[PDB]
Structure formats: structure tokens, C-alpha cells
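Quick note on labels: first sequence line is chain A, next is B, and so on, each numbered from 1.
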2 protein chains.
Amino acid sequence: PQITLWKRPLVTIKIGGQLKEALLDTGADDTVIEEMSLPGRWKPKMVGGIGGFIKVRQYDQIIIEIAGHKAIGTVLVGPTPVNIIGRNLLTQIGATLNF
Amino acid sequence: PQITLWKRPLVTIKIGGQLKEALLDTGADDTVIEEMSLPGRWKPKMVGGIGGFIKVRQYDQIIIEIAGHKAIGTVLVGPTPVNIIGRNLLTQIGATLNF
Ligand SMILES: COc1ccc(S(=O)(=O)N(C[C@H]2CCC(=O)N2)C[C@@H](O)[C@H](Cc2ccccc2)NC(=O)O[C@@H]2C[C@@H]3CCO[C@@H]3C2)cc1
Ligand SMILES: [Cl-]
Ligand SMILES: [Cl-]
Ligand SMILES: [Cl-]
Ligand SMILES: [Cl-]
Ligand code: NA
Ligand code: NA
């Protein structure tokens with residue numbers, strides 16, 4: 001699809017067996033999802049933005065369906081105010097910014 | 001252009017006669033720029049990013065060039081770690097997300 005930017009570019013994702021809404025975010029290096037359980041090992045990380053940093057759990061090799069496109073990668077889990085699909089997974093679905 | 005996302009989507013902007021680097025950020029509603037001087041009056045605004053809320057100065061109707069495309073619109077000035085071009089100006093340059 002072609003998604004215009006008049007509105008937030010929200011899509012449905014499936015992660016850990018759960019359907020969620022998430023933002024397609026070219027300004028995010030990494031994918032950051034609100035607190036939920038995921039299987040396997042994790043390690044702590046800090047991620048920073050406007051307003052400062054939050055502590056997250058970094059889970060590697062997590063499969064996420066994004067607008068019906070499968071992608072695998074690292075997912076960060078923590079107290080983000082919105083679910084964010086960052087560049088690490090946008091690349092895998094072939095997303096580009098065009099103007 | 002068509003911009004892939006394997007690297008950060010950094011572009012040159014021109015504002016107040018000065019070249020700066022900024023991030024094209026589809027997850028940002030608003031354009032937020034590091035401390036600089038801008039003409040005219042400003043209004044208050046609170047911006048809620050990943051780590052919390054910050055105060056910014058809102059300047060309306062500011063001339064800004066983005067990757068060689070001319071925009072005139074709202075710029076927020078405050079302590080962001082990176083200059084970010086949000087959807088209010090991405091729409092002015094005709095940007096879309098495609099996959
Ligand atoms: C390492 O991986 C990441 C690091 C930081 C973030 S981030 O969420 O902080 N952010 C990074 C950007 C903004 C600062 C910067 O230098 N780069 C991703 C953004 O798209 C973020 C994504 C976002 C975070 C929190 C709330 C909503 C969106 N949007 C955002 O901060 O927008 C600001 C806040 C205001 C709300 C939305 O628009 C307004 C302008 C995401 C992943
Ligand atoms: Cl970070
Ligand atoms: Cl990854
Ligand atoms: Cl590619
Ligand atoms: Cl505007
Ligand atoms: Na894992
Ligand atoms: Na003004």
C-alpha cells in the first residue's frame with residue numbers, strides 16, 4: 001500500500017499471539033511494544049527520546065506480522081506510550097518513504 | 001526520492017538561513033527542532049515523547065526547506081535529541097510510506 005501522512009500511520013500487527021495497533025515509525029531505530037510477555041531470553045536496555053529514557057526488555061528473534069507481512073527481529077518491551085514499529089522491522093517489509 | 005530505511009532517514013533542512021540535519025519521522029505528529037532563534041511570537045506547547053513530556057516553544061508559519069522542498073508551517077523548539085521533521089511538514093513535501 002501507499003500510506004499518506006495526514007493521520008498517524010497506524011497498522012494492525014500480530015505479536016506473541018496478540019493483535020495490536022502500532023505506528024509505522026521511520027524516526028525509531030528499534031521496535032518498542034507496550035508491556036507484554038514474550039518467550040525466550042531477554043536483556044535490559046535503555047532507550048531514549050523526547051522526555052528522556054525508559055528501561056525496556058530486549059528480546060531477540062521475535063516474529064511479528066505487520067499489516068499482513070511477516071518480519072523477524074529484535075523487539076523491545078517496556079512502558080512506551082504507543083506501540084512503535086521501527087526501522088529494524090520496516091526494512092524487512094520493504095517500506096520506503098517517497099516524495 | 002525513494003528512501004529506504006537501513007540507515008536513519010537524515011536530510012538537510014534550511015531554516016533561518018542555516019543548514020541543519022534532521023530526521024524524517026513518520027511517528028512524530030509535530031516538527032521539533034533544537035534550540036535556535038526564530039522570528040515572531042511563540043505559544044506554549046507540551047510534547048509527550050517516549051520518556052515523558054517536555055515544554056517547547058511553538059512558532060507558526062516558519063519558512064523551512066526540507067530535502068530541497070519548500071514548506072511553511074509550525075516548528076516546535078525545545079530539547080529534543082535530534083531535529084525531527086514530523087507529519088505536519090512531511091505532508092507539505094508530499095511524503096508517503098510505501099510497501
Ligand atoms: C532505539 O529505538 C528507539 C529510540 C527512541 C524511540 S522514540 O519513540 O523516542 N522516537 C525517536 C525520535 C524522536 C526523538 C528522536 O531523536 N528520535 C520515535 C518517534 O517517532 C516518536 C514516537 C512516539 C513516542 C511517544 C509517543 C508517540 C510517538 N515520536 C515523537 O517523539 O514525536 C514527538 C512526541 C509527540 C507525540 C507524537 O508526536 C509528537 C512529537 C523509538 C525507538
Ligand atoms: Cl536510544
Ligand atoms: Cl533486528
Ligand atoms: Cl531494500
Ligand atoms: Cl504546520
Ligand atoms: Na529470543
Ligand atoms: Na509565527
Side-chain angles (χ1 to χ4, degrees), chain A residues 1-43 45 47-50 54 56-99, chain B residues 1-11 21-32 49-50 66-67 69 81-99:
Chain A
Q2 171 167 290
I3 302 160
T4 55
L5 295 173
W6 293 119
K7 315 289 313 266
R8 297 178 166 206
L10 290 170
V11 299
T12 299
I13 68 165
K14 192 173 178 167
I15 180 173
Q18 294 184 35
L19 301 165
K20 296 187 175 286
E21 291 296 298
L23 190 67
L24 300 180
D25 194 350
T26 59
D29 298 338
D30 301 342
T31 294
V32 191
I33 304 298
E34 299 171 357
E35 288 186 16
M36 64 178 295
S37 164
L38 292 172
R41 298 210 222 127
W42 60 267
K43 63 181 157 194
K45 191 178 161 80
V47 297
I50 283 167
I54 61 168
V56 301
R57 300 190 294 295
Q58 177 182 330
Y59 293 88
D60 301 320
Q61 299 180 318
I62 302 295
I63 295 159
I64 306 192
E65 201 181 312
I66 301 157
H69 290 70
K70 262 186 285 176
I72 189 168
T74 295
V75 172
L76 310 180
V77 176
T80 177
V82 60
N83 298 313
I84 297 158
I85 307 300
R87 292 188 298 99
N88 74 307
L89 298 175
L90 297 169
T91 59
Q92 298 299 283
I93 70 172
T96 60
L97 191 67
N98 292 262
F99 57 100
Chain B
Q2 173 164 114
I3 304 177
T4 57
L5 297 167
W6 303 101
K7 301 280 267 252
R8 290 180 176 148
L10 294 165
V11 299
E21 190 180 68
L23 183 69
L24 302 179
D25 192 345
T26 57
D29 301 333
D30 314 307
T31 294
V32 190
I50 209 171
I66 304 154
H69 292 254
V82 167
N83 298 320
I84 65 183
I85 308 306
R87 294 189 294 98
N88 71 305
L89 301 182
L90 295 171
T91 54
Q92 291 200 19
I93 71 171
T96 58
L97 276 169
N98 296 84
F99 63 90

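Closest approach of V56(A) and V47(A) over heavy atoms only: CG1-CG2, 4.0 Å. Shown here for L38(A) and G16(A), the closest heavy-atom pair between the two residues is CD2-CA, 4.1 Å. Taking every heavy atom of both residues into account, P81(B) and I50(A) meet most closely at CD-CG1, 4.0 Å. Among all heavy-atom pairs drawn from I93(A) and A71(A), the shortest one is CG2-CB, 4.2 Å.
By the 6.0 Å contact criterion, CD1 on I63(A) is open, its count of non-hydrogen atoms from other residues, nucleotides or ligands being 12 or less.
Residues that satisfy the side-chain contact (heavy atoms from CB on, under 4.5 Å) test with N83(A), not counting sequence neighbours, are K20(A), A22(A), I33(A), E34(A). For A67(B), the side-chain contact (heavy atoms from CB on, under 4.5 Å) partners are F99(A), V11(B), not counting sequence neighbours. Every residue two or more places apart in sequence or in another chain that forms a side-chain contact (heavy atoms from CB on, under 4.5 Å) with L10(B) is listed here: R8(B), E21(B), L23(B). By the side-chain contact (heavy atoms from CB on, under 4.5 Å) test, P79(A) pairs with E35(A), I54(A), sequence neighbours left out.
With contacts defined as side-chain heavy-atom distances shorter than 4.5 Å, the pair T74(A)/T31(A) does not qualify. Side-chain contact between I66(A) and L24(A): present, with at least one pair of heavy atoms (C-beta onward) separated by less than 4.5 Å. Side-chain atoms of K70(A) and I72(A), non-hydrogen and from C-beta on, never get closer than 4.5 Å to each other. When side chains are defined from C-beta on, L97(B) does not count as touching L90(A), because their heavy atoms never get closer than 4.5 Å. A heavy-atom distance below 4.5 Å is not found between the side chains of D30(A) and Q58(A).
Among pairs with a residue in residues 89-99 of chain A, those fulfilling side-chain hydrogen bond (donor to acceptor under 3.5 Å, both in side chains) read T96(A)-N98(A), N98(A)-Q2(B), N98(A)-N98(B), at least two apart in sequence or across chains. Within the structure, salt bridge (charged side-chain N to carboxylate O under 4.0 Å, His left out) pairs that include any residue of residues 75-90 of chain A comprise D29(A)-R87(A) (at least two apart or interchain).
How far CG of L76(A) is from CZ of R57(A): 10.5 Å, rounded to the nearest 0.5 Å. Of the inter-residue distances, the one linking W6(B) atom CH2 with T4(B) atom OG1 reads 8.0 Å to the nearest 0.5 angstrom. A distance of 8.0 Å separates OG1 of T26(B) from CG of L5(B), quoted to the nearest 0.5 Å. To the nearest 0.5 Å, atom CG of residue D60(A) and atom CH2 of residue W42(A) are 12.5 Å apart.
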